[PDB]
Amino acid sequence: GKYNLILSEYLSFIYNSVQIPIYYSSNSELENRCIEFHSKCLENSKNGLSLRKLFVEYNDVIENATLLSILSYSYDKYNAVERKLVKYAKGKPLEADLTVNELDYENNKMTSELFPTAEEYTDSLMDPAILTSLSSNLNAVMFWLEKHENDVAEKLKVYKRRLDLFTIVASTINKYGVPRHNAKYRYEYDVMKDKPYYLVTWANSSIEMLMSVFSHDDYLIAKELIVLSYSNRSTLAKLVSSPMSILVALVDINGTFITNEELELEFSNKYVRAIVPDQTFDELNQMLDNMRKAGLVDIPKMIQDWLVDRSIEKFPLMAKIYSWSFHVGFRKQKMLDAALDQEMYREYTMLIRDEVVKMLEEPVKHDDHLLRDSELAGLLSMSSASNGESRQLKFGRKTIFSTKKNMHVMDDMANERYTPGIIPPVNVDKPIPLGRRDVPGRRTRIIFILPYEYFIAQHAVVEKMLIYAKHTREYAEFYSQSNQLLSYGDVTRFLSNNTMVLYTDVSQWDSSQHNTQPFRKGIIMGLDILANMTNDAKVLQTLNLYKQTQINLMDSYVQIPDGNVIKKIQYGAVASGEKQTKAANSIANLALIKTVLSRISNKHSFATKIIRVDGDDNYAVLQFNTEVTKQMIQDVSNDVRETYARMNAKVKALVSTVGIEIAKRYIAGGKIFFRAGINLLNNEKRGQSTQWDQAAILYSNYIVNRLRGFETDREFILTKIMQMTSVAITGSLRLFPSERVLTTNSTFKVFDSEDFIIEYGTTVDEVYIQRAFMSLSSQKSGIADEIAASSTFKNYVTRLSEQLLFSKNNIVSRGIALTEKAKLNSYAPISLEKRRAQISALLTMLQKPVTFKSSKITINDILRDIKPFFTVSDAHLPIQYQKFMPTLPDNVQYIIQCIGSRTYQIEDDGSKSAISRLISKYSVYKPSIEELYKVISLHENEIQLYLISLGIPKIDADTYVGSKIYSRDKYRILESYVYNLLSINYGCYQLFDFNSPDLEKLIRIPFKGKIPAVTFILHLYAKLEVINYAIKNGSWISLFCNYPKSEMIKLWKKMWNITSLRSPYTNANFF
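Note that the sequence shown covers residues 2 to 18, 22 to 346, 358 to 1086 in the authors' numbering.
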């Protein structure tokens, strides 16, 4: 509710020259009243008359109706920024020490210097890539200051800090003026030509950080990073963070949580003295010195103060620094520079091959259908395939520039060009294009761009590999539904005064030219061993083709650009872009640690308690037949590093007894920590999202950060959403959508009216509007249909089906078509056509509805029904579980303190149902949860044919149709579908133990009848309600349910008719 009013301040603030609110309502009489009020308002304003009398004359509308949006009639130029900024340009502009960046262009020179001519300029090195403007950020920041220019006490101090800092930004920007952004939110050459090239991105990062300060320390930190970043743009993030790895080893462990036999976090009182060798301390001093010799002052001092007592109680600060260092921006260097950085392997490669074999040993001999029909599966998977060059195409009688790999298959099949048995050579003749991945505080890494023959020859094998990983704990990333918490508990588990932990950072090793030979040799060798295990042509064909991918790779040239020209150099290193990348990479990393660990054993005798891999990090807790001495840790670390050295591999091999740090999570003090640095006002790359989705994505990012540590002031975020959602109907009239429009659960929902809490239509208006929004949810694309009209699409679908179907498969057939018609929009002409057209419908939609033939039901309709049958009464819950994720906001942390947390994901795809397993056991097809949901809701007779249509044997198909297991399977499919619709696995809920004994007691539900469906929803609805109350009140409530037996049947029908609401931005899923 505060969002709608706040928006008024923002509009009045920006415009000084009318504001015509717009109210809608389910009530019919009120609605006409709303229209009268609206009509009179325009007339009064377009006649320069008051509006105070009208508002009094429509108190019913203000008080009883819903605000739909607020129109804004303006007539200036939106150049209020130039005028407002000057008041803050009092400070002295910053001067960048152009003598800081090893790479010339990394230095913050004058654009006209880095790019003398227009045809030479390229924002490719600083592009915020975000659909919001710098002026907007400046405008948004100014609005907050105007509003909090009179706050008192501590609130004021936040202002003084915010005021000070902002001045650095205002003062510097003012010197060169505020850069103007074009429709594409890019920054052209003329505006940029006389300004410090890295200005715009810097302002975003400085603004993002200064609007994230609260305590004094935040200020020094925001202040130091803000200033040094202006000149340093290549080591500030790396330097500020770097010491965090050594710091974790420093603090002891006073009580920590572990992983018990039931693989659930269990509080242990164990104590472990964090003992570190002398040399390790020096390593940390150098990190501090490097930080110091680089300009830093206060931040280094802080860590220094921390090291005097190294009290986990004062560790929170060390965390704020490591998280903050990331908000300095993205290191976007020239592609070539990024590309440029790139006998005793018998033991190493041997393990890689062997691991490959195990993952594919049983499947190969049996002649798994997946291996035999690998071509269809890979073909089907294309939707979840990488990306290829934006080729040229023709379908029917037109031309397009699609970059999606799946479409390439369509053009090629309908052109006799499709030839998967022949995987294009990736060398001098036909080199590999290039893609990239940027990340704060790390050298840019490149991404191959192999054709589709490569994905196809890699999907089945990798998929089969993963299943093995899925049940192997060594691969801490894949194992079961495991969440990061399980991984956290496993490490603390064996930690004792007779066991030292060892972590590494093999990121560079995965791209070390040295690595490619072994890596490829092992994969190929294993394929050879597997091939001499079967006599199946389909499998051997697949086993062989995969082998070739490695051979073509062994010698791969790269189409590396070097200006407006495309050079072409060699490349003896391995990069990402293959299916096997993430999976195979782990195999190698695991293979590497096994090799190093075994070799070091020659000297000291230990016991490998646990070994794990996780992308660019691999660790292990080894136990010693005696107490660990500083000398011992120093010796083992040396032996480990030298070993890594012998294999000529750049790595960060550290060793501790109580903590570990890695790219995804750091365990300092026996407590689990997560970094919180997701740049909010500077995106990595310019995707295909829209301004609206950009905002919902921004809010998602904000919540993840708040949950992890970093916290950008929510008022600022509200301001951005206000700027990002608004849309103009004229050149002097913008339409700012209301809070109800913005937060109501729909396909346009951007945020929540209370972070961490999701609401659902409870009032008539919310539902009235809720049903109304679904209407214009999916608007056809005058391209996505014609594409399915050409022989190409029809041949491709039929061609895929002809080898997938037998009977009348159309339920399956209808889905495949939309499977493509759902991604096809990607193609600019379709995403842009749909996005631009949506605005006309959306603008008109706010105008006048009242005419909708609703009939479809959703979670909103179902939940609204159950509400009246729940009787709430104050209940009490004591805090018993300790803390292990110290950064969690108090309200969130409180729930875990009372009901606990889970170290698992809640099955939300039906993957663990008997029917699914059967469909998988024989057919390669993979029906989504939605399909399983629709299929399960069918009659026994229909369901039986579905299985046959895919290939399940009739004896077996018939057994399922009757069997008791099928009935239960009907319950499980619904459960997965429901949980999916509640995002119970994403957001903050993924951190709550929804089966907590403590939470369960607070719910009271009598079994009117053994009806698993209804009993299930009443309970989950009961649990969500209690949790949400907890978050928004700090106190608990107990719910009672007396749902009549009659009502249950009506509700039961509703359960199998719930539709969805797409919006992917809501994505908060972080661990």
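The C-beta atom is built at its ideal place from N, Cα and C for all residues, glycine as well.
Taking 8 angstroms as the limit between beta carbons, can you name the residues of its chain near residue i, skipping five residues before and five after?
i           : result
residue 27  : 38, 41, 42, 65, 66, 69, 70, 71 and 72
residue 944 : 923, 924, 925, 988, 991, 992 and 995
residue 296 : 304
residue 479 : 374, 375, 378, 383, 385 and 386
residue 707 : 739, 740, 763 and 765
Which residues in the same chain have their Cβ closer than 7 angstroms to the Cβ of residue i, if we skip the five residues on either side of it in sequence?
i           : result
residue 29  : 35, 38, 69, 70 and 780
residue 475 : 385, 386, 389, 392, 393 and 557
residue 614 : 658
residue 921 : 994, 999 and 1000
With a Cβ-Cβ cutoff of 9 angstroms, do residue i and residue j count as a contact?
i            : j            : result
residue 811  : residue 395  : no
residue 462  : residue 592  : yes
residue 671  : residue 253  : yes
residue 517  : residue 635  : yes
residue 353  : residue 1011 : Because the chain is numbered from 346 directly to 358, the model contains no atoms for residue 353.
residue 134  : residue 83   : no
residue 1051 : residue 1076 : no
residue 85   : residue 48   : no
residue 558  : residue 546  : yes
residue 876  : residue 776  : yes
residue 232  : residue 333  : no
residue 721  : residue 770  : yes
residue 761  : residue 737  : no
residue 316  : residue 255  : yes
residue 872  : residue 1073 : yes
residue 735  : residue 711  : no
residue 368  : residue 544  : yes
residue 686  : residue 280  : no
residue 833  : residue 964  : no
What three-state label does DSSP hand residue i in the structure shown?
i           : result
residue 735 : helix
residue 985 : helix
residue 918 : coil
residue 543 : helix
residue 654 : helix
residue 576 : strand
residue 804 : coil
residue 860 : helix
residue 515 : strand
residue 13  : helix
residue 326 : helix
residue 816 : helix
residue 941 : coil
residue 832 : helix
residue 887 : strand
residue 764 : coil
Among all the DSSP beta bridges, which residues are the ones paired with residue i?
i           : result
residue 750 : 75 and 742
residue 591 : 462
residue 25  : 74
residue 625 : 636
residue 758 : DSSP lists no partner for residue 758.
residue 631 : Residue 631 pairs with nothing; no bridge assigned.
residue 114 : 200
residue 686 : 683
residue 811 : Per DSSP, none; premise fails for residue 811.
residue 671 : 516
What does a CB cutoff of less than 6 angstroms around residue i pick up in its chain, not counting 5 residues either side in sequence?
i           : result
residue 291 : 246 and 247
residue 484 : 490 and 493
residue 541 : 368, 371 and 372
Looking at residue i and the ligand ZN, is the gap between the Cβ and the nearest heavy atom below 8 angstroms?
i           : result
residue 242 : The ligand ZN is not part of the structure shown, which contains no ligands of any sort.
4-residue-minimum alpha helix (DSSP H) runs that sit fully inside the segment 1000-1068, ordered along the chain | Whole alpha helix (DSSP H) segments, 4+ residues: 1012-1016 and 1027-1046.
Going along the chain, which unbroken runs of the beta strand (DSSP E) with 3 or more residues stay wholly within the segment 199-269?
-> 257-263
Would you list, in sequence order, the uninterrupted alpha helix (DSSP H) runs of no fewer than 4 residues that lie entirely inside the segment 393-480?
-> 420-428
Within the segment 943-968, ranges of the beta strand (DSSP E) (whole runs, at least 3 residues) = none
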